[PDB]
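K.L.:
Quick one, my_file_13.cif (mmCIF, C-alpha atoms and all ligand atoms):
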data_upload
loop_
_atom_site.group_PDB
_atom_site.id
_atom_site.type_symbol
_atom_site.label_atom_id
_atom_site.label_comp_id
_atom_site.auth_asym_id
_atom_site.auth_seq_id
_atom_site.Cartn_x
_atom_site.Cartn_y
_atom_site.Cartn_z
ATOM 1 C CA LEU A 1 -53.628 46.407 -28.550
ATOM 2 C CA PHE A 2 -56.658 44.137 -29.012
ATOM 3 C CA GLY A 3 -60.199 43.902 -27.673
ATOM 4 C CA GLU A 4 -62.219 41.340 -25.726
ATOM 5 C CA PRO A 5 -61.554 37.625 -26.281
ATOM 6 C CA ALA A 6 -64.146 35.613 -28.193
ATOM 7 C CA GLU A 7 -64.601 32.060 -29.433
ATOM 8 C CA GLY A 8 -63.965 31.184 -33.053
ATOM 9 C CA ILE A 9 -63.124 28.395 -35.463
ATOM 10 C CA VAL A 10 -60.355 28.396 -38.079
ATOM 11 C CA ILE A 11 -61.943 28.606 -41.524
ATOM 12 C CA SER A 12 -58.556 28.442 -43.230
ATOM 13 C CA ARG A 13 -54.854 28.557 -42.329
ATOM 14 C CA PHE A 14 -53.111 31.259 -44.400
ATOM 15 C CA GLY A 15 -49.641 29.874 -43.719
ATOM 16 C CA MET A 16 -48.719 32.752 -41.410
ATOM 17 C CA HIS A 17 -52.250 33.976 -40.690
ATOM 18 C CA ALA A 18 -55.698 32.473 -40.247
ATOM 19 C CA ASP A 19 -59.246 33.415 -41.113
ATOM 20 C CA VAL A 20 -61.275 32.863 -37.970
ATOM 21 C CA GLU A 21 -65.050 32.752 -37.979
ATOM 22 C CA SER A 22 -66.251 34.281 -34.739
ATOM 23 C CA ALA A 23 -69.058 32.813 -32.649
ATOM 24 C CA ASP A 24 -71.232 35.547 -34.166
ATOM 25 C CA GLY A 25 -70.517 34.575 -37.758
ATOM 26 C CA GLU A 26 -68.092 37.341 -38.745
ATOM 27 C CA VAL A 27 -64.796 36.266 -40.309
ATOM 28 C CA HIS A 28 -61.565 37.962 -39.214
ATOM 29 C CA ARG A 29 -58.096 37.516 -40.693
ATOM 30 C CA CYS A 30 -55.824 37.114 -37.645
ATOM 31 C CA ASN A 31 -52.158 36.780 -36.763
ATOM 32 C CA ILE A 32 -51.022 33.858 -34.637
ATOM 33 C CA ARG A 33 -49.287 34.073 -31.259
ATOM 34 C CA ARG A 34 -45.726 32.705 -31.321
ATOM 35 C CA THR A 35 -46.753 30.458 -28.425
ATOM 36 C CA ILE A 36 -49.216 28.611 -30.674
ATOM 37 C CA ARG A 37 -47.482 25.339 -31.601
ATOM 38 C CA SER A 38 -49.949 24.373 -34.361
ATOM 39 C CA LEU A 39 -53.100 25.798 -35.909
ATOM 40 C CA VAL A 40 -55.200 24.112 -38.598
ATOM 41 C CA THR A 41 -58.609 24.434 -40.238
ATOM 42 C CA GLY A 42 -61.296 23.262 -37.840
ATOM 43 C CA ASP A 43 -59.434 24.306 -34.674
ATOM 44 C CA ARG A 44 -61.560 26.007 -32.030
ATOM 45 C CA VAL A 45 -59.823 29.159 -30.895
ATOM 46 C CA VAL A 46 -59.837 32.059 -28.461
ATOM 47 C CA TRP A 47 -59.135 35.206 -30.479
ATOM 48 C CA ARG A 48 -59.306 38.970 -30.014
ATOM 49 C CA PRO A 49 -60.297 41.690 -32.518
ATOM 50 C CA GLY A 50 -57.781 44.386 -33.361
ATOM 51 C CA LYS A 51 -58.488 48.011 -32.477
ATOM 52 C CA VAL A 52 -59.071 44.826 -38.631
ATOM 53 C CA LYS A 53 -56.517 42.023 -38.368
ATOM 54 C CA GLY A 54 -57.075 40.321 -35.015
ATOM 55 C CA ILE A 55 -54.949 37.725 -33.240
ATOM 56 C CA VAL A 56 -55.303 34.081 -32.236
ATOM 57 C CA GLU A 57 -54.527 33.815 -28.524
ATOM 58 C CA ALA A 58 -55.066 30.119 -27.811
ATOM 59 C CA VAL A 59 -56.271 26.844 -29.310
ATOM 60 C CA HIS A 60 -58.765 24.584 -27.528
ATOM 61 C CA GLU A 61 -58.033 20.859 -27.246
ATOM 62 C CA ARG A 62 -58.878 18.961 -30.425
ATOM 63 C CA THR A 63 -61.589 16.293 -30.322
ATOM 64 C CA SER A 64 -59.821 14.691 -33.272
ATOM 65 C CA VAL A 65 -57.030 15.504 -35.681
ATOM 66 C CA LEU A 66 -56.520 14.524 -39.307
ATOM 67 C CA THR A 67 -52.880 14.007 -40.279
ATOM 68 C CA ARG A 68 -50.710 13.215 -43.297
ATOM 69 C CA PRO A 69 -48.383 10.177 -43.431
ATOM 70 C CA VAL A 70 -47.826 12.840 -38.694
ATOM 71 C CA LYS A 71 -48.533 16.492 -39.452
ATOM 72 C CA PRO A 72 -52.054 17.847 -38.765
ATOM 73 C CA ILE A 73 -54.034 19.212 -41.709
ATOM 74 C CA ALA A 74 -57.477 19.497 -40.113
ATOM 75 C CA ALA A 75 -58.939 19.365 -36.625
ATOM 76 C CA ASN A 76 -62.188 18.570 -34.830
ATOM 77 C CA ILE A 77 -63.678 16.333 -37.509
ATOM 78 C CA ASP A 78 -66.772 14.541 -36.149
ATOM 79 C CA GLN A 79 -67.630 12.462 -39.157
ATOM 80 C CA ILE A 80 -65.897 11.274 -42.274
ATOM 81 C CA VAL A 81 -68.209 10.588 -45.183
ATOM 82 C CA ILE A 82 -66.922 7.589 -47.153
ATOM 83 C CA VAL A 83 -68.164 7.965 -50.730
ATOM 84 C CA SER A 84 -68.278 5.103 -53.229
ATOM 85 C CA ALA A 85 -69.982 4.507 -56.584
ATOM 86 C CA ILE A 86 -70.869 1.620 -58.908
ATOM 87 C CA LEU A 87 -68.487 3.177 -61.418
ATOM 88 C CA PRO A 88 -65.560 3.526 -61.788
ATOM 89 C CA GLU A 89 -65.216 0.853 -59.090
ATOM 90 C CA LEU A 90 -67.262 -0.314 -56.105
ATOM 91 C CA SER A 91 -64.509 -1.648 -53.830
ATOM 92 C CA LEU A 92 -65.450 -3.179 -50.490
ATOM 93 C CA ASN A 93 -61.727 -3.263 -49.666
ATOM 94 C CA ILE A 94 -61.517 0.515 -50.069
ATOM 95 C CA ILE A 95 -64.523 1.026 -47.812
ATOM 96 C CA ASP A 96 -63.080 -1.345 -45.193
ATOM 97 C CA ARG A 97 -59.708 0.440 -45.206
ATOM 98 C CA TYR A 98 -61.475 3.754 -44.579
ATOM 99 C CA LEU A 99 -63.583 2.276 -41.789
ATOM 100 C CA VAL A 100 -60.381 1.080 -40.106
ATOM 101 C CA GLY A 101 -59.134 4.647 -40.435
ATOM 102 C CA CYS A 102 -62.334 5.986 -38.864
ATOM 103 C CA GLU A 103 -62.257 3.603 -35.895
ATOM 104 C CA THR A 104 -58.600 4.437 -35.305
ATOM 105 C CA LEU A 105 -59.171 8.199 -35.371
ATOM 106 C CA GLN A 106 -62.291 7.497 -33.318
ATOM 107 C CA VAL A 107 -64.601 9.458 -35.610
ATOM 108 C CA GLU A 108 -67.948 8.131 -36.826
ATOM 109 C CA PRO A 109 -68.096 7.045 -40.475
ATOM 110 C CA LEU A 110 -70.929 7.647 -42.947
ATOM 111 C CA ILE A 111 -71.028 5.271 -45.902
ATOM 112 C CA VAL A 112 -72.396 6.874 -49.044
ATOM 113 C CA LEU A 113 -73.163 4.930 -52.201
ATOM 114 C CA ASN A 114 -73.449 7.491 -54.990
ATOM 115 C CA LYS A 115 -74.633 7.156 -58.606
ATOM 116 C CA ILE A 116 -77.562 4.865 -57.839
ATOM 117 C CA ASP A 117 -79.093 6.276 -61.026
ATOM 118 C CA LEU A 118 -76.734 3.964 -62.935
ATOM 119 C CA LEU A 119 -78.494 0.835 -61.630
ATOM 120 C CA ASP A 120 -81.676 -1.005 -62.555
ATOM 121 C CA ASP A 121 -83.875 -3.089 -60.248
ATOM 122 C CA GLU A 122 -81.424 -6.002 -60.304
ATOM 123 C CA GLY A 123 -78.500 -3.626 -59.848
ATOM 124 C CA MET A 124 -80.213 -1.997 -56.873
ATOM 125 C CA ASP A 125 -80.969 -5.277 -55.109
ATOM 126 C CA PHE A 126 -77.372 -6.393 -55.520
ATOM 127 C CA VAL A 127 -75.811 -3.168 -54.233
ATOM 128 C CA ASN A 128 -78.229 -3.047 -51.301
ATOM 129 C CA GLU A 129 -77.332 -6.589 -50.321
ATOM 130 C CA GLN A 130 -73.670 -5.532 -50.337
ATOM 131 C CA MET A 131 -74.370 -2.516 -48.149
ATOM 132 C CA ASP A 132 -76.316 -4.685 -45.717
ATOM 133 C CA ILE A 133 -72.885 -6.006 -44.718
ATOM 134 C CA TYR A 134 -72.306 -2.536 -43.295
ATOM 135 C CA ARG A 135 -75.839 -1.870 -42.063
ATOM 136 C CA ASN A 136 -75.684 -5.122 -40.109
ATOM 137 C CA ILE A 137 -72.587 -4.070 -38.169
ATOM 138 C CA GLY A 138 -74.117 -0.751 -37.124
ATOM 139 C CA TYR A 139 -72.929 1.721 -39.753
ATOM 140 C CA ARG A 140 -75.400 4.030 -41.472
ATOM 141 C CA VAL A 141 -75.510 3.672 -45.243
ATOM 142 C CA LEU A 142 -77.033 6.160 -47.670
ATOM 143 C CA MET A 143 -77.967 5.404 -51.263
ATOM 144 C CA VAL A 144 -77.875 8.609 -53.290
ATOM 145 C CA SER A 145 -77.534 10.153 -56.728
ATOM 146 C CA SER A 146 -75.991 13.582 -57.124
ATOM 147 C CA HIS A 147 -77.358 13.993 -60.645
ATOM 148 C CA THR A 148 -80.945 13.188 -59.673
ATOM 149 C CA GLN A 149 -80.617 14.539 -56.117
ATOM 150 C CA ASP A 150 -82.342 11.380 -54.843
ATOM 151 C CA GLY A 151 -81.521 10.516 -51.237
ATOM 152 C CA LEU A 152 -79.795 13.861 -50.814
ATOM 153 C CA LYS A 153 -82.217 14.961 -48.082
ATOM 154 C CA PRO A 154 -81.344 12.157 -45.636
ATOM 155 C CA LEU A 155 -77.676 12.884 -46.402
ATOM 156 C CA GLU A 156 -78.157 16.524 -45.367
ATOM 157 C CA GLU A 157 -79.839 15.334 -42.178
ATOM 158 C CA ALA A 158 -76.826 13.114 -41.436
ATOM 159 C CA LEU A 159 -74.435 16.017 -42.089
ATOM 160 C CA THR A 160 -76.166 18.576 -39.848
ATOM 161 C CA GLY A 161 -74.693 19.368 -36.440
ATOM 162 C CA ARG A 162 -71.367 17.842 -37.438
ATOM 163 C CA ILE A 163 -67.993 18.600 -38.974
ATOM 164 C CA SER A 164 -67.350 16.271 -41.902
ATOM 165 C CA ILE A 165 -64.892 15.618 -44.713
ATOM 166 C CA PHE A 166 -65.640 13.663 -47.871
ATOM 167 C CA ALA A 167 -63.211 10.817 -48.350
ATOM 168 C CA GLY A 168 -63.229 8.397 -51.246
ATOM 169 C CA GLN A 169 -61.382 7.252 -54.343
ATOM 170 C CA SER A 170 -61.313 9.556 -57.384
ATOM 171 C CA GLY A 171 -64.390 9.671 -59.605
ATOM 172 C CA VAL A 172 -67.006 8.562 -57.077
ATOM 173 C CA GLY A 173 -68.620 11.999 -57.116
ATOM 174 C CA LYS A 174 -67.179 13.884 -54.130
ATOM 175 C CA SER A 175 -66.955 17.299 -55.801
ATOM 176 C CA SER A 176 -70.320 16.628 -57.422
ATOM 177 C CA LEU A 177 -72.061 15.815 -54.117
ATOM 178 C CA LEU A 178 -70.434 18.714 -52.262
ATOM 179 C CA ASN A 179 -71.383 21.195 -54.986
ATOM 180 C CA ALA A 180 -74.972 19.951 -54.975
ATOM 181 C CA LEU A 181 -75.091 20.208 -51.176
ATOM 182 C CA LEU A 182 -73.229 23.500 -50.633
ATOM 183 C CA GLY A 183 -74.682 25.487 -53.519
ATOM 184 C CA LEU A 184 -71.606 27.698 -53.763
ATOM 185 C CA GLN A 185 -72.036 31.001 -55.594
ATOM 186 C CA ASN A 186 -68.841 32.948 -54.923
ATOM 187 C CA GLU A 187 -66.416 30.186 -53.967
ATOM 188 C CA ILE A 188 -65.146 27.021 -55.606
ATOM 189 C CA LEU A 189 -63.798 23.880 -53.972
ATOM 190 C CA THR A 190 -60.135 23.249 -54.746
ATOM 191 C CA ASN A 191 -61.371 20.885 -57.485
ATOM 192 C CA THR A 192 -52.690 24.033 -46.088
ATOM 193 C CA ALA A 193 -55.562 24.343 -48.572
ATOM 194 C CA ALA A 194 -58.112 22.868 -46.164
ATOM 195 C CA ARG A 195 -61.093 25.190 -45.773
ATOM 196 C CA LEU A 196 -64.346 24.679 -43.890
ATOM 197 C CA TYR A 197 -67.763 25.427 -45.380
ATOM 198 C CA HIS A 198 -71.251 25.611 -43.879
ATOM 199 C CA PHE A 199 -74.079 23.475 -45.272
ATOM 200 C CA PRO A 200 -77.394 25.370 -45.708
ATOM 201 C CA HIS A 201 -79.197 23.185 -43.161
ATOM 202 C CA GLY A 202 -76.503 22.892 -40.510
ATOM 203 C CA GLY A 203 -73.174 21.182 -40.020
ATOM 204 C CA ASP A 204 -69.844 21.937 -41.671
ATOM 205 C CA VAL A 205 -67.377 20.291 -44.001
ATOM 206 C CA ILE A 206 -63.622 20.729 -44.268
ATOM 207 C CA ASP A 207 -62.362 20.232 -47.811
ATOM 208 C CA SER A 208 -59.256 20.215 -50.018
ATOM 209 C CA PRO A 209 -57.320 17.664 -52.153
ATOM 210 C CA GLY A 210 -55.310 16.305 -49.228
ATOM 211 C CA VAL A 211 -58.345 15.902 -46.977
ATOM 212 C CA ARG A 212 -60.199 13.858 -49.593
ATOM 213 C CA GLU A 213 -57.032 11.843 -50.161
ATOM 214 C CA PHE A 214 -57.355 10.927 -46.489
ATOM 215 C CA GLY A 215 -55.212 7.821 -46.526
ATOM 216 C CA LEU A 216 -54.394 5.088 -44.054
ATOM 217 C CA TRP A 217 -50.938 5.438 -42.476
ATOM 218 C CA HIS A 218 -48.836 2.658 -40.947
ATOM 219 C CA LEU A 219 -50.912 0.774 -38.402
ATOM 220 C CA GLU A 220 -50.047 -1.975 -35.944
ATOM 221 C CA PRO A 221 -51.947 -5.308 -36.239
ATOM 222 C CA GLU A 222 -54.013 -4.681 -33.111
ATOM 223 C CA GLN A 223 -55.214 -1.355 -34.565
ATOM 224 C CA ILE A 224 -56.325 -3.113 -37.732
ATOM 225 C CA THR A 225 -58.167 -5.685 -35.645
ATOM 226 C CA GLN A 226 -59.947 -3.048 -33.554
ATOM 227 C CA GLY A 227 -60.671 -1.484 -36.928
ATOM 228 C CA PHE A 228 -63.319 -4.147 -37.569
ATOM 229 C CA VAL A 229 -66.043 -3.416 -35.048
ATOM 230 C CA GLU A 230 -67.822 -6.761 -35.481
ATOM 231 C CA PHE A 231 -64.641 -8.513 -34.281
ATOM 232 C CA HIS A 232 -64.722 -6.932 -30.795
ATOM 233 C CA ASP A 233 -67.152 -9.319 -29.103
ATOM 234 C CA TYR A 234 -65.147 -12.328 -30.318
ATOM 235 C CA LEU A 235 -61.783 -11.093 -29.055
ATOM 236 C CA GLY A 236 -60.509 -13.035 -26.069
ATOM 237 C CA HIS A 237 -62.669 -16.000 -27.059
ATOM 238 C CA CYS A 238 -60.246 -17.638 -29.469
ATOM 239 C CA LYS A 239 -58.547 -20.900 -28.487
ATOM 240 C CA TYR A 240 -55.171 -19.167 -28.263
ATOM 241 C CA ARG A 241 -54.777 -15.945 -26.328
ATOM 242 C CA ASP A 242 -52.350 -14.780 -29.031
ATOM 243 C CA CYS A 243 -54.490 -16.051 -31.911
ATOM 244 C CA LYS A 244 -53.655 -14.035 -35.047
ATOM 245 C CA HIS A 245 -57.117 -14.781 -36.440
ATOM 246 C CA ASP A 246 -55.785 -16.298 -39.660
ATOM 247 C CA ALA A 247 -55.338 -20.068 -39.901
ATOM 248 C CA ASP A 248 -54.935 -20.412 -36.124
ATOM 249 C CA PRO A 249 -56.788 -23.419 -34.640
ATOM 250 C CA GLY A 250 -60.049 -22.529 -32.919
ATOM 251 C CA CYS A 251 -60.156 -18.859 -33.958
ATOM 252 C CA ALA A 252 -63.524 -17.445 -32.868
ATOM 253 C CA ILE A 253 -63.448 -14.800 -35.611
ATOM 254 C CA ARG A 254 -62.777 -17.270 -38.445
ATOM 255 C CA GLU A 255 -65.493 -19.646 -37.275
ATOM 256 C CA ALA A 256 -67.904 -16.708 -37.163
ATOM 257 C CA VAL A 257 -67.002 -16.124 -40.793
ATOM 258 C CA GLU A 258 -67.655 -19.792 -41.564
ATOM 259 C CA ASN A 259 -71.097 -19.604 -39.885
ATOM 260 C CA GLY A 260 -72.128 -16.415 -41.667
ATOM 261 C CA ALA A 261 -72.081 -14.170 -38.585
ATOM 262 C CA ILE A 262 -69.221 -12.164 -40.109
ATOM 263 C CA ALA A 263 -69.048 -11.344 -43.828
ATOM 264 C CA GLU A 264 -66.348 -13.154 -45.819
ATOM 265 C CA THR A 265 -65.166 -10.014 -47.592
ATOM 266 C CA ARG A 266 -64.714 -8.296 -44.226
ATOM 267 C CA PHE A 267 -62.502 -11.134 -42.980
ATOM 268 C CA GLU A 268 -60.703 -11.331 -46.313
ATOM 269 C CA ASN A 269 -60.117 -7.582 -46.447
ATOM 270 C CA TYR A 270 -59.036 -7.594 -42.809
ATOM 271 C CA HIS A 271 -56.187 -9.879 -43.875
ATOM 272 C CA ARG A 272 -55.423 -7.906 -47.027
ATOM 273 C CA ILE A 273 -55.085 -4.745 -44.927
ATOM 274 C CA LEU A 274 -52.995 -6.617 -42.382
ATOM 275 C CA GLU A 275 -50.705 -7.715 -45.229
ATOM 276 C CA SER A 276 -50.261 -4.310 -46.895
ATOM 277 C CA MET A 277 -48.875 -2.941 -43.617
ATOM 278 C CA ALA A 278 -45.960 -5.209 -42.724
HETATM 279 N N1 LIG B 1 -74.523 8.871 -63.332
HETATM 280 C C1 LIG B 1 -73.977 9.592 -62.302
HETATM 281 N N2 LIG B 1 -72.812 10.208 -62.482
HETATM 282 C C2 LIG B 1 -72.235 10.941 -61.496
HETATM 283 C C3 LIG B 1 -72.937 11.172 -60.283
HETATM 284 N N3 LIG B 1 -72.214 12.057 -59.560
HETATM 285 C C4 LIG B 1 -71.125 12.350 -60.213
HETATM 286 N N4 LIG B 1 -71.134 11.743 -61.448
HETATM 287 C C5 LIG B 1 -70.036 11.714 -62.417
HETATM 288 O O1 LIG B 1 -68.842 11.125 -61.831
HETATM 289 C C6 LIG B 1 -67.674 11.740 -62.465
HETATM 290 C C7 LIG B 1 -66.716 12.293 -61.385
HETATM 291 O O2 LIG B 1 -67.399 13.304 -60.620
HETATM 292 P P1 LIG B 1 -66.403 13.858 -59.477
HETATM 293 O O3 LIG B 1 -67.221 14.885 -58.552
HETATM 294 O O4 LIG B 1 -65.261 14.566 -60.102
HETATM 295 O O5 LIG B 1 -65.900 12.584 -58.579
HETATM 296 P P2 LIG B 1 -64.706 12.981 -57.551
HETATM 297 O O6 LIG B 1 -63.291 12.660 -58.235
HETATM 298 O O7 LIG B 1 -64.850 12.160 -56.325
HETATM 299 O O8 LIG B 1 -64.758 14.533 -57.139
HETATM 300 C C8 LIG B 1 -68.226 12.856 -63.420
HETATM 301 O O9 LIG B 1 -67.429 14.049 -63.390
HETATM 302 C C9 LIG B 1 -69.624 13.125 -62.856
HETATM 303 O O10 LIG B 1 -70.498 13.631 -63.861
HETATM 304 C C10 LIG B 1 -74.230 10.585 -60.139
HETATM 305 O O11 LIG B 1 -74.874 10.751 -59.119
HETATM 306 N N5 LIG B 1 -74.676 9.729 -61.118
HETATM 307 MG MG MG B 2 -82.724 22.393 -48.840
HETATM 308 ZN ZN ZN B 3 -58.731 -15.612 -33.487
#
Please render this file's structure as structure tokens.

P.N.:
Amino acid sequence: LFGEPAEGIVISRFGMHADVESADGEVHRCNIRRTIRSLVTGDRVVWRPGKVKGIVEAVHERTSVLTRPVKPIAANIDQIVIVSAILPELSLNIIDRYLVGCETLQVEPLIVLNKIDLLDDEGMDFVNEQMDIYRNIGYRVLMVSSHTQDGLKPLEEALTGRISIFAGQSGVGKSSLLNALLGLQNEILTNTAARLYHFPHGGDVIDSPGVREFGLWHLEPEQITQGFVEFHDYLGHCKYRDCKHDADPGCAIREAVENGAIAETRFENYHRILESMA
């Protein structure tokens, strides 16, 4: 016999159980109704307290769902923070692949360039010019340094009121940034393991090895194309209705690249991504 229903969010999925944070902040380890087809960290739930192990009664519809190449690992992500760094490698192709992933999942991306402390004036100007590629197509870019904490404040402001994950290649400083931001004292990131944490100034983050390894699954060409937001306005304006936007005569996208309206690396990476699929 249980009590009154209440809202909650899944902090972590214990395989057979789940730790649900109630709308009042208290965490309760709960069982899961057999009728629940799937429950993952980030799910918004209707639960009831036991009269101390409560029970999950239902799961609200997910605004988004993160999956592994097609099983859900996390739910209700609002923003994926794409983290890069000068070292070990600043890859525009990696960033572009992630952005395609964001557009496909329909979650807003946040491009973070970490380790700016490793650059001098000339280094800074170069990196900023690179990031302008992204600023110019509407994405917000943040220059930061975990070690110096520079730019960390605007990052917190961009994290508040949202549920994020930190995606990026190894060594860019994900664990470093998260530790600096979370200020954990009695927990440690795993440096079904996905767990959500609360940032001091608002907003949450779901983390674990798999989440950070957020990869791009098999996508159809059209999905890749939609994955480049600056392409949208040119679609339907190519000479051929079925223009593949490669060497096709009169391609509006390619010409835009040749005029400077679209960045060359974006077009180039668009094709590289297209190729690595099928
Ligand atoms: N110079 C510099 N080094 C950084 C910065 N942040 C992280 N590092 C170094 O980058 C390496 C990888 O950090 P890590 O958090 O493990 O990257 P991760 O694999 O994405 O979690 C070293 O462990 C960190 O000391 C930074 O802001 N500036
Ligand atoms: Mg603070
Ligand atoms: Zn075209």

K.L.:
For each of A:268, A:156, A:275, A:248, take the minimum atom-to-atom distance to ligand ZN 3 (chain B), counting all atoms listed in the file, then give the residue where this is smallest.

P.N.:
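Ranked by minimum distance to ligand ZN 3 (chain B), first place goes to A:248.
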
K.L.:
Produce the centre coordinates and the three edge lengths, each in Å to one decimal, of the box along x, y and z that contains all listed atoms of ligand LIG 1 (chain B) with 4 Å added on each side, as lines of an AutoDock Vina configuration file.

P.N.:
center_x = -69.1
center_y = 11.9
center_z = -60.1
size_x = 19.6
size_y = 14.0
size_z = 15.5

K.L.:
Determine the residue membership of the PyMOL selection byres (((chain A and resi 202) around 6) and not hetatm) for the file above and supply it as an MDAnalysis selection string.

P.N.:
chainID A and resid 160:161 199:201 203

K.L.:
For ligand MG 2 (chain B), which residue out of A:196, A:74, A:155, A:277 is the nearest one, using all atoms listed in the file?

P.N.:
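Nearest candidate to ligand MG 2 (chain B) out of A:196, A:74, A:155, A:277: A:155.
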
K.L.:
Identify which of the residues A:4, A:117, A:57, A:108 lies closest to residue 85 of chain A, counting only C-alpha atoms when measuring atom-to-atom distances.

P.N.:
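Once distances to residue 85 of chain A are computed over only C-alpha atoms, the minimum belongs to A:117.
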
K.L.:
Could you tell me how far atom CA of residue 172 of chain A lies from atom CA of residue 112 of chain A, in Å and to one decimal?

P.N.:
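Separation between atom CA of residue 172 of chain A and atom CA of residue 112 of chain A: 9.8 Å.
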